[PDB]
Each structure stands twice: as structure tokens, then as C-alpha cells.
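Working notes for the structure below.
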Amino acid sequence: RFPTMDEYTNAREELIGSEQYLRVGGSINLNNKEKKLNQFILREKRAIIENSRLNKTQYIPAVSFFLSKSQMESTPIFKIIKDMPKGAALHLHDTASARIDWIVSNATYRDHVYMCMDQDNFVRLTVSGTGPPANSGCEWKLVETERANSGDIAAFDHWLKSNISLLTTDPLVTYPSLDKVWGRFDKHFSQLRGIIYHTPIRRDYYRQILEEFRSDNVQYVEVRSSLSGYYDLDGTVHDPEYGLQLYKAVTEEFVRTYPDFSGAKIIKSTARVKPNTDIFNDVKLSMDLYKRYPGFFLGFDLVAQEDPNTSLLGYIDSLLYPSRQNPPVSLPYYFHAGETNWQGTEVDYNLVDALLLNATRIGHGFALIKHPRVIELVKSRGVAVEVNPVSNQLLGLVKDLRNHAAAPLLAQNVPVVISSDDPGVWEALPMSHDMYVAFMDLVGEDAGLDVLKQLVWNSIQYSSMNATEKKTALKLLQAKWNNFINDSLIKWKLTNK
Amino acid sequence: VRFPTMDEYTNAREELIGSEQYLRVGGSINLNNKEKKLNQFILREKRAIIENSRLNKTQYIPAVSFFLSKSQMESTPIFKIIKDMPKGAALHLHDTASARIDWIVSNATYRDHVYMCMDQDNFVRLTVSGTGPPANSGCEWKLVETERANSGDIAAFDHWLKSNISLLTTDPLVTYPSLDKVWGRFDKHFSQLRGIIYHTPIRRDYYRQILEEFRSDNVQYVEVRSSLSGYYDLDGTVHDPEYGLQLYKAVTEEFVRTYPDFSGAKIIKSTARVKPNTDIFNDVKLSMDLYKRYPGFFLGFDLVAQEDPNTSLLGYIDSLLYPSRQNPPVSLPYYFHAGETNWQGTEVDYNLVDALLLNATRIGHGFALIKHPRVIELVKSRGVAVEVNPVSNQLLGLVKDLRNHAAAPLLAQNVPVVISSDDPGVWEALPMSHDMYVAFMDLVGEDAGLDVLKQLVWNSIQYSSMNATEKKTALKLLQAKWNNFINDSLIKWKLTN
Ligand SMILES: *[C@@H]1O[C@H](CO)[C@@H](O[C@@H]2O[C@H](CO)[C@@H](O)[C@H](O)[C@H]2NC(C)=O)[C@H](O)[C@H]1NC(C)=O
Ligand SMILES: *[C@@H]1O[C@H](CO)[C@@H](O[C@@H]2O[C@H](CO)[C@@H](O)[C@H](O)[C@H]2NC(C)=O)[C@H](O)[C@H]1NC(C)=O
Ligand SMILES: O=P(O)(O)OC[C@H]1O[C@@H](n2cnc3c2N=CNC[C@H]3O)C[C@@H]1O
Ligand SMILES: O=P(O)(O)OC[C@H]1O[C@@H](n2cnc3c2N=CNC[C@H]3O)C[C@@H]1O
Ligand SMILES: *[C@@H]1O[C@H](CO)[C@@H](O)[C@H](O)[C@H]1NC(C)=O
Ligand SMILES: *[C@@H]1O[C@H](CO)[C@@H](O)[C@H](O)[C@H]1NC(C)=O
Ligand SMILES: *[C@@H]1O[C@H](CO)[C@@H](O)[C@H](O)[C@H]1NC(C)=O
Ligand SMILES: *[C@@H]1O[C@H](CO)[C@@H](O)[C@H](O)[C@H]1NC(C)=O
Ligand SMILES: *[C@@H]1O[C@H](CO)[C@@H](O)[C@H](O)[C@H]1NC(C)=O
Ligand SMILES: *[C@@H]1O[C@H](CO)[C@@H](O)[C@H](O)[C@H]1NC(C)=O
Ligand SMILES: [Zn+2]
Ligand SMILES: [Zn+2]
């Protein structure tokens, strides 16, 4: 079969070429400028991989984000991805998507903010305009007083940040198991819950999400939000439709201010710890908001730790209720599903129910590669999998990110969008850190700008924009992309090759 | 309405899940009534341990480092059942790493003319010298007999030898916390034993111990990688590879004539992939000759040693294609270690492409295979079994939580797989039971039971290199062992009725 080296080379290159064509982005044809940028990216990628391989040292893009963040930021591939327009971030949580630094430097400088140390020795924050809060399990102190008496305000503010962020130490070392790091993650939300549900802080925090995401060259976001319970200084507690209206008004003002930004849409989330009786009411609520806020309210999702809590099947009559009405109602679902290392259990079989329920996208889908028939349904229906790589590493599904279970999905061209999940919780950027690790760890050394470009286009093409909005957003994205290519050729001194 | 009732929903759900069950390894097996009684007990135990980890929020011990899991698994019913179970064959083993370090200590280092020294890295080394102490090149050699007699504690002395040689004295994931640190320790182990284990009578007896130990773990057949080379006598005489093969052939014949309940052994010549292509060319020609003159005992050729930093298959391609280019062609079988890596799109994982273009009979490890869909197709189409060595892949730095092992998605697609132990002597594993336990508990799901075990066992004979007559006989023998195991198991676990 191979009398000479040319025949062997031809067969080898046919097989390898077939796989390169099959994977995400493999059918893209780059133009001549894109090819110059691609050649540089591929030279850079090869040099870091070959150094790790042949000089026998760890591959930094795949280690704990705690260790790799400060390392990746100085490299050309990272700087290119930082400049690159991302399209959309489609998997985000609204209390976890702006900087803890803003909570500290802005929110905790507002009037009537209190702090206490809880019984686990973490700081909690809240607002009370009607006296200090009751000493229920902790002793509340006015932040303004504690800060002014600290003797070192910079250290005091840095201590707040350090006590709240999950990247203050390496979570893989400090919280070295799934349930320990989920204990720390849940705790983070408890620390901020009081302050971040105060209505004007909540409003301004959401506006900060939009500002930070635009600043990372993201033009569109879909965000999970609980919507409900925002409270005023006088103790007024608002309902979920108010919370939705609040976000709508902020988004409209943001898009008026920044016509280079496509905007935002919202998914109602509820934690999967509640009785089925209550989930039923949240489904009904979501049916009403979907009918009355078409094109801003998207649908429903169930969140919180997947392994120990209620499965989709545990809520199946609630989730089937819209489809069973006369006439039927198609309430879109965005289920977090298969965020687990388990196989053949109630947890990863959530992926089956997600498909039976016609999920528009799947959150995480870490277990999906263990399910060949679910993979085929995902591919044939075009159900995008929202892949959140830093989240899956820090929250205990994988250590070396080259073992991330989405790499084999991308190799088969399962539809995938990259997102950051909870970037504010662990000091990530809106998209650039997660896109970097996806690019360096979840695809191969010979995968270049075509993969980046496809993942960026995917985030618009599998968004929940209607077809007209998608066409408008792609025109804007194409203009950004063209500017990014020209700028990059100038910046990396590539124009003459 | 697609699902107006619970029955309509569960019908669809169960057909989908069942369709995946039929597709995975073992999915077409129909257990008889006795097998079903045992299977029901295995599945109750499996669910009990998984549900405890999941709902009581504690780590799943079958998936943690073997250093931690070994003593815990050994007291459990599922482990004890797998221990009693006939394994069929171990198809991926190295002949200097497949018997107990305890035997090296209690037997080999009690022989005349055995010397020890501490090397510059503070590790003990052992060798044989018939003339006097070896030249004190980078260490000071001392007669082991004298050192033992003067230790002041013989049992502590022997225990220290074992502790200084074993990779399971501490947890390698802690003590050597990177791929290249643990490969440094693994390489060191071979250097520690190399002198003593290449002395001819010790090497003969160590190979016999491999056979005895594997038989004792209810393994009836082995295929073994060996260098065959450099076996040396007390007077300094160094034997050629053909002598090493003839030596193993005689040990094997005596063993099978002693034990009709054991099917036997066959040998694969291995060469380390750090050598110049001229050396590999000589070993390829050697392998052609031994394949011709020892049919049915000499199987073919393999390249071993660390895959990432050393020479690729393509680096030796002129040598590896040489048999097929003879007139008339000569079809030298290959059993390449391939894709034992976390890299993607590099020279290392593309070894999988060359392994299939060179018509490999089986592939060793294939850890990267799930990232290569076109290679998967060829592996399935041609029946090229992947030798999966789960404890080895964890301890030697490819994966931490074995539920992330890259063979679980292969098994879910019914890629042909055999489980093996690789270097069980190096880290105190049993011949097969520990690896079979971690494969069963980590690489398939909670609802996968005795049918998966039975299929992996049968696979190890079906994808052995036995000829038609041998294989028919071995499968009849395996069936008999299996029936005895089922009957004994029902009595032992009080499952009758
Ligand atoms: C959050 O802040 C508290 C209060 O400063 C930290 O408590 C300190 O913890 C270290 C180590 O546990 C001790 O040396 C100090 O004495 C503790 N101080 C007090 C007042 O208890 C706590 O470690 C912080 N938690 C995190 C996760 O950063
Ligand atoms: C192999 O044995 C040597 C010699 O006993 C060990 O070196 C000792 O390491 C201990 C750690 O417990 C030190 O306290 C001693 O000082 C060391 N002794 C000497 C003479 O250096 C070495 O650690 C062992 N290596 C392994 C991998 O077990
Ligand atoms: O109720 P809130 O909106 O104030 O808190 C946010 C809610 O979202 C949950 N969540 C946030 N990031 C994730 C979540 N869940 C599951 N997978 C991991 C990750 O993707 C936590 C809390 O229940
Ligand atoms: O020279 P010897 O035969 O005495 O030592 C054995 C030779 O096999 C090598 N080896 C042993 N276990 C494996 C090996 N290689 C690659 N992957 C991991 C594992 O599967 C080490 C040495 O080169
Ligand atoms: C390994 O390191 C040396 C020295 O730092 C460097 O010169 C060399 O290029 C590196 N090798 C690779 C393949 O990067
Ligand atoms: C906080 O943000 C608000 C609204 O965006 C702004 O008015 C105010 O000045 C900020 N506070 C600080 C301390 O920057
Ligand atoms: C899912 O969508 C299909 C195709 O539109 C529709 O026929 C079916 O009724 C839907 N199923 C559910 C459970 O809502
Ligand atoms: C959790 O642990 C408790 C205490 O050992 C035990 O009673 C219970 O059965 C456990 N739950 C599961 C599902 O194993
Ligand atoms: C070592 O093994 C040989 C070969 O089986 C046996 O004859 C000899 O007695 C053994 N040595 C010891 C100390 O048992
Ligand atoms: C591989 O096997 C095929 C089919 O049996 C045969 O035609 C071909 O010559 C072989 N190629 C090599 C390189 O041995
Ligand atoms: Zn999420
Ligand atoms: Zn091996």
C-alpha cells in the first residue's frame, strides 16, 4: 500500500484532514488577512506546546485558573483573544457577572450598608434603612464606621475582596473536593445576597455587567436571573415582573448609549432545592412573562448544585405543564444539565429529560460525551451546549483542562458556545479567559483562528435572537471582526507576510 | 400534545435510555437467571456506594488515587466478587513490572552475589556481580547479604527495600505532582531493579512468578511485552534476544503442562522509543525473523517508554514500513502503545493515525482516541482492541478522577476494549482485579452490571492473538470458569433463592 513515502504521507494527511474538516470550524475558508493572523497564532500555539512537551514542564493553559490567570495575560494569543469580538455570552448568572471590586469600591460605600462575620468566619453584607439588622447568628456593624476606624482603608477594602473572592487562594488546593468547593461557592452567594438584592444596587450591578461585557468586546448577553425580591430602603419588596422591567429599562438605556452593543435578554432561574409545588408556580410565572415580554423574557432554567438536589424528572409534571395546556404553550427551557462526573445516574440522565423537554440550549453538558444517542439528538436538533471551562475546573469536575469533556464534543462538531458562568466570583473577565482556555485546552495544536471564528459566530447563531435580530447582530459582528483582523495585523507586525 | 400522561413520557424516556444501554459494551448480553441473581446484588451494592457519595456529599472513593482507594475497595463485596471472577486474559503487561516487588526482596535479594547501593538521587539500586563488587562509578556497592546481616533489624531492612522501590509507598499524585515528576519516579524504578532483574536465573524465575501470580488472580492467559535482550550470567555472558524468547517459551510450556486450567502466554518484543532509528531498524528485522521462526509464540513488535517527549511512530516510519515493502511482503504485527497523552493535534496523539495505517493488531492506552473520531471509526471497523490500563493512566499523570478517564466514552460506544494492569508490580496492584474494579466502578455507569464485566472478560480472549483452535479451547475453558464462579458466588453471598 505504501511503496514510497509519498503514498504514506498522502494517506496520513487524508485521515488528519478529514478530522480537521469535521471538527468545529473545519469548513470555514479564511481570507488572506485572516490566514496571516492564523499563521502567527499557530506558530505561537506550537511554541508553547512544544516547550511544555519537550522541556517536560506543565502546560500552563490547562492548570488551575488560580495559577494560569496571571501567566496567560502576558502572551500574544491571550492578547489577540482579548481584542477579538466575542459575539455573545450566553450562560451567565446575574449576581455573579460583575466585579467583586465594584461591590467593594461602589456598593459598600453606599449609605446603610452593614457587615458581619458569620459562624463560618466569612463576611456577609446587607442593607438596612430601618435600623441595624437583628443579631441573628451574627453581629451586624455599619460598614462606614468599620472602614473609618480601620486605620488602613486600602487594607480594609482589600480584606473585603479577599474574603469574598474564590480566587484569593487556589480553590483546587483550599477546597479539594466537589462538595468542599460547592460549600465555598454557595457561601459566596450567601455573603453577597443581602447587599446585591437591594434594588438600586441590583440595578447598578446589572448595568455593570453590561459595561464590563462590552469592555471585553462582547456585544450581547443572555443572563439567568431569579428576578424577584429586590428590596428598597423602606423595606418595600418588589415582584419578579418589576425585576424584569428594571433590567429592561437598564438594557434599553445601555443600547441607546452604545449602539455598538446588541443588547440583552433574560432567562428566569430558580434553584432546584424547592418543592415541586413551588417550581410549578415559577413555571406559571414564566409562561406569563414569556407571553407579555416576548423578545426580552426567554424562558426558564433550574440552577444550583446538580448532584445532590432535585432532578428534572423530579419536576416533570411542572415542566410538562405548558405543553399540556389547551392550546399548548411552548415555554422555552435552558436547563443546566449533566454538570457531573456521574454516569448512569439520576444526574446525568437529566440530559435525556432536557432533550425530551425540547431544551433550546443545554448548560454545561459535561456528561454528554458519555451519552452517544443524546449526542446525536443534540447534533440533529441544533441544541447548543453552553461550555463554561473555568467554572467546570474550579467547581470540581476536572483538573487538567485538556480532560475537559467538551473537547470530544468539539471534535465531532457538536454545536457549542463558550461562556464564563460566574466570572465575578473568581475574578475572570467576561469572556476572554474562558475563550483562551477553550482555545488552548479543548481543541488541538493545529486548530487556529477558524475555531475561534466559528465559536464566536455560534454565540450569535445559537442565541435566542429572532432571525431579523440575528441578521442585524451578524452585520455588526462582521464589522467588528474585520476591524479586529486589520488591527491585529498592524499590532503583531504581520502585514507583509 | 406529545406527552399528555406520565406513561407516554416514561415510555419515550425508557426507550431512549435503553437504546444507549444496548449500544454500550456488553449491551447485547442476556444474563440467565443465576447471573441475574448475582447481577441484582452487584447493582444494589453499586447504587448504595454511589448514592452515599452523591447524597451524603463525600468523595467517590473508587475514583480517587489508587494509593487511597486500594485498601478501601478490598473490603467490599463488589471487589471480592471481581477478585473471584475469571478475568480471561491480561493483554497489556511489561515483563519487568508484572510480579511482586516482595518477591524481588524475599527471593532475588537473598541470592548470592547481589549488591546494593544508594544512587545520587537517594534511591537504592540492585545488581548482580559474580566477580566482586561492581566498579563504584556513581555509587558505592555493598553486598546485600552483609548489609542485611548487619542492619540490626532484618524485617525492617527488607521492608525498607520494598518501600524504596514501590511507587505506592506514598501517594504518587501528592509526591510526584506532575506528568514529568511521576515519569521521573517511574523511570527511576526501572533503573533501581534493572541490574538484578536482567540476571538470567532471576529473570527466568521472575517470569515464572508472573505466570503464577496471574493464575492466582484467576487470569488464564497473558500476552507480555519484553525486550528479550541482555539477560546475563554470573560469568558476564550476555545472551541474545532469541535466547530470551526460548527461555520464556520453556517456562511457559512447563507452566501450561503443570496447569491445564491455564491457557498460556505469548510474547511481544518491545523497544524503548528513545533509541536512534538504526536501533529500531535492527529490532524490526529481529522481530521479522522471530515472527517467522516462532509462530504462535512470538507475536510482533511494540515501541515503549514515555510517549510525549520521545520519538513518534513517524520518526521511525522507514523502519516500521520495511516489512511491508519486502518482496514478497512480510506482515509484521504491531501492538503499538499509542495516544498515551493529554495532548491534542500534536505529534504524540497523531501516533494513533500511524498506528492504524501500520495495521496495529491492538493499541496500547489510546487515551487520546476519543478526540479522534476518524480513528475511532477505523478502530471499530477493523476490530483493533484498545488496551485500557486505568490505574496506570491515573498514577502516571493522565487523569485524576477516574470518572474522567477517556475510555468511558469509548466503552459507551462499544469501541473494542480489553482491561489490563500494565505494571502492577510497580505500584502493588493485583494482576487484574484492581484494574477491573476501577474500570467497572469508574468507566461505566451506576446501572451497568455483570453484563459489562462478562463482556470485558470475554473481550480479553476474543481480542487476544490466539489462533482459531486455541481461541475455541480457551473460550470453552473460560465458560467453565464462569459457570463455577456464578454458582460459587450465589452460595458465598447468600443469593440462592
Ligand atoms: C475571612 O476573614 C476572616 C477574618 O479576618 C479570616 O479569619 C482569619 O483566618 C486566618 C486563617 O483561618 C487566621 O489566622 C485569623 O486569625 C482569622 N481571623 C479571625 C478574626 O478569625 C478568614 O480566613 C477569611 N476567610 C477567607 C476564605 O478568606
Ligand atoms: C529511599 O531510602 C532512602 C535512605 O533511607 C531515603 O532517604 C531518607 O529519607 C528520609 C525521609 O523519611 C530522611 O529523613 C532521611 O534522612 C533519608 N536518609 C538518607 C540516608 O538520606 C529515601 O527517602 C527513600 N526514598 C523513597 C522514595 O522512599
Ligand atoms: O439565586 P441567585 O440568582 O441569587 O443565585 C444564583 C443561583 O444560581 C446558581 N448557579 C450559579 N452559577 C451556577 C449555578 N448553578 C449551578 N451550576 C453551577 C453554575 O453554572 C447558584 C444559585 O442557586
Ligand atoms: O526495558 P524494560 O523492558 O526492562 O523496562 C520496561 C520498558 O517499558 C516501558 N513501559 C513500561 N510500562 C509502560 C511503559 N512505556 C510506556 N507507557 C507507560 C506504561 O504502559 C518503560 C521501559 O522503557
Ligand atoms: C527548551 O528550553 C530551552 C532553554 O530554555 C529553549 O532553548 C528551547 O527552545 C526549549 N525547547 C523547546 C522545544 O521550546
Ligand atoms: C457607584 O455607582 C453609581 C451609579 O453608577 C455612581 O453614582 C456612584 O458615584 C458610584 N459610587 C462610587 C464610590 O464610585
Ligand atoms: C417538542 O417540539 C416538537 C417539534 O416542534 C413538538 O412536536 C413537540 O410537541 C414538543 N414537545 C414538548 C415535550 O414540548
Ligand atoms: C447518608 O449517611 C447516613 C449516615 O451514615 C446514612 O444513614 C444514609 O443511608 C446515607 N444516605 C445514603 C443515600 O447512603
Ligand atoms: C527463589 O525462587 C527459586 C525458584 O523458584 C526457589 O528455588 C528458591 O528456593 C527461592 N528462594 C527463596 C529464598 O525461597
Ligand atoms: C495493511 O493491511 C491491509 C489489508 O489487509 C493490506 O492490504 C496492506 O498491505 C497492509 N499495510 C501495511 C502497511 O502493512
Ligand atoms: Zn450556570
Ligand atoms: Zn504499557
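Start at 1 and go down the list; that is how both ligands and their atoms are numbered. Reminder, nothing fancy here: chain letters follow the sequence lines and each chain counts from 1. Hydrogens, waters and symmetry mates play no part in the numbers below; they use all other heavy atoms, side chains included.
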query: Which protein heavy atom lies closest to atom 27 (C) of ligand 2, and at what distance to 0.1 Å?
result: B:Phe123 CE2, 3.7 Å
task: For atom 13 (C) of ligand 2, state whether the nearest protein heavy atom is under 4.0 Å away.
output: no
- prompt: Which residue supplies the protein heavy atom nearest to atom 6 (C) of ligand 8, what is that atom called, and how far is it?
  reply: B:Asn56 ND2, 4.2 Å
query: In the protein, which heavy atom is nearest to atom 11 (N) of ligand 9, and how far is it?
result: B:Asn107 ND2, 2.7 Å
query: Can you tell me the protein heavy atom closest to atom 28 (O) of ligand 2 and the distance?
result: B:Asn164 ND2, 3.4 Å
field: B:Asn52: numbered ligand 8 atoms lying under 4.0 Å from its heavy atoms
entry: 1 (C), 2 (O), 10 (C), 12 (C), 14 (O)
message: Test of understanding: given a 4.0 Å heavy-atom threshold, classify the contact between B:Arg208 and ligand 9 as side chain, backbone, both, or neither.
response: neither
task: Can you confirm whether something in the protein, heavy atoms only, sits under 4.0 Å from atom 9 (O) of ligand 8?
output: no
message: Taking the ring of B:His239 and the ring of B:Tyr232, is the distance between their centroids below 6.0 Å?
response: no
- prompt: Nearest protein heavy atom to atom 3 (C) of ligand 2: under 4.0 Å?
  reply: yes
query: Can you list the ligand 2 atoms lying under 4.0 Å from a non-hydrogen atom of B:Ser163?
result: 28 (O)
query: Taking the six-membered ring of B:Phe440, is the NZ or CZ of B:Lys46 close enough (under 6.0 Å from the centre) and on axis enough (within 45°)?
result: yes
message: So, applying side-chain hydrogen bond (donor to acceptor under 3.5 Å, both in side chains) with B:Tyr207, which one of B:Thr252, B:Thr96, B:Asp95 is it?
response: B:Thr252
query: Between B:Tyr243 and B:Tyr231, is the gap from one ring center to the other below 6.0 Å?
result: no
field: Ligand-side contact atoms (ligand 9) for residue partner B:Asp205, heavy atom cut-off under 4.0 Å
entry: 3 (C), 4 (C)
message: Evaluate A:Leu313 against A:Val352 for side-chain contact (heavy atoms from CB on, under 4.5 Å), listing each step before the verdict.
response: CA-CA 10 Å; A:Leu313 186 62; A:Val352 169; over 6 Å; no
field: Heavy-atom side-chain contact between B:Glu254 and B:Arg208 under 4.5 Å
entry: yes
- prompt: For B:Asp119 and B:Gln192, does a side-chain donor sit closer than 3.5 Å to a side-chain acceptor?
  reply: no
Distance-only polar pair, side chains of B:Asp423 and B:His189, donor-acceptor under 3.5 Å: no
message: Among all protein heavy atoms in this structure, tell me which lies nearest to atom 5 (O) of ligand 2, with the distance rounded to 0.1 Å.
response: B:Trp160 NE1, 3.3 Å
- prompt: Can any side-chain N or O of A:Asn55 pair as donor or acceptor with the backbone N or O of A:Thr57 at less than 3.5 Å?
  reply: no
- prompt: Can you say whether the rings of A:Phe189 and A:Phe185 are parallel (under 30°), tilted (30 to 60°) or perpendicular (over 60°)?
  reply: perpendicular
message: My question is simple, although I want it checked carefully: is atom 7 (O) of ligand 2 less than 4.0 angstrom from any protein heavy atom?
response: yes
query: Do ligand 9 and B:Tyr110 have nitrogen or oxygen atoms that lie under 3.5 Å from each other?
result: no
query: When you measure from atom 9 (O) of ligand 2 to every protein heavy atom, which one gives the shortest distance, and what is it?
result: B:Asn122 ND2, 4.4 Å
- request: Could you tell me whether atom 4 (C) of ligand 8 has at least one protein heavy atom nearer than 4.0 Å?
  value: no
query: Closer than 4.0 angstrom: is that true for some heavy atom of B:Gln209 and an atom of ligand 9?
result: no
- prompt: Are any of the side-chain nitrogens in B:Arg215 or B:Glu212 under 4.0 Å away from the carboxylate oxygens of its partner?
  reply: no
- request: Write out the residue and atom name of the closest protein heavy atom to atom 13 (C) of ligand 8, then the distance separating them to 0.1 Å.
  value: B:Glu51 O, 3.7 Å
Within-cut-off N or O pair, B:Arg185 and ligand 2, under 3.5 Å: no
field: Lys/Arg-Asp/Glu bridge criterion (N-O < 4.0 Å) met for A:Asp179, B:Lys57
entry: yes
field: Heavy-atom protein contact below 4.0 Å for atom 16 (O) of ligand 2
entry: no
